[PDB]
Amino acid sequence: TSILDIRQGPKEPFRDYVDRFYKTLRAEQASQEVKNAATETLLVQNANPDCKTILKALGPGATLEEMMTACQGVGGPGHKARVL
C-alpha cells in the first residue's frame, strides 16, 4: 500500500501508473519531508529507466501532459504521418 508499489507496469500504461501513484499518495499523504519531497520526482524515480531519461530530457518540472506524452513516446513510437 506504499508508493513503492506504484511503478511503471509493462502492460500497464503511464496513466494507470500515475493514478496509482496519486492513489497511494492520497492514501497516506505524509512524509518526513513532504515539502522537500517532490511527488513528480517520486513518480519519475519510481518510474522506469527509459521514462526516467525522457523525464530527464523533459525538464525539472514538466507538465502531466508532457510526462505522459514522453512516456507514451517510450519504445518504438508512432504518430506522425501525412503527405505534403
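The deposited coordinates for this entry were obtained by solution NMR.

(A) Representation of the packing of aromatic side chains within the structure. Counted by the stated rule, this structure contains 2 aromatic pairs. On the numbers, 5.8 Å between centres and 55° between planes, the contact of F14 with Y17 is tilted. Within this pair, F14 and its partner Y17 are both found in helix α1 (residues 14-25), separated by 3 residues, close to a single helical turn. Summarising the burial analysis for this pair, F14 and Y17 share the class buried. Note on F21 and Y22: the rings are 5.9 Å apart at their centroids and 55° apart in plane angle, and the pair reads as tilted.

(B) Just the side chain of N46, in detail. By secondary structure assignment, the location of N46 is in the loop between α2 (39-45) and α3 (49-58). For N46, a relative accessible area of 10% translates into the label buried. Of note is the side chain of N46, whose polar atom sits 2.5 Å from the backbone oxygen of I3.

(C) Spatial organisation of the side chain of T24. Relative to the helices and strands, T24 resides in helix α1. Owing to a relative accessible area of 6%, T24 belongs among the buried residues under this scheme. Apart from the residues lying within four places of it in its own chain, the contact partners of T24 are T1, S2, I3 and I6.

Cut-offs and rules
- Residues numbered from 1 in each chain as written, not as in the entry; some residues may be left out.
- Heavy atoms only, no water.
- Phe/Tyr/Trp six-rings, centres within 6.5 Å; stacked < 30°, edge-to-face > 60°.
- Helix = DSSP H or I, 4+ residues; strand = E, 2+ residues; numbered from the N terminus.
- Buried < 20%, exposed > 50% of the residue type's maximum accessible area, 1.4 Å probe, protein only.
- Polar contact = N/O pair within 3.5 Å; in protein donor to acceptor, adjacent residues only side chain to side chain.
- Contact = heavy atoms within 4.5 Å.

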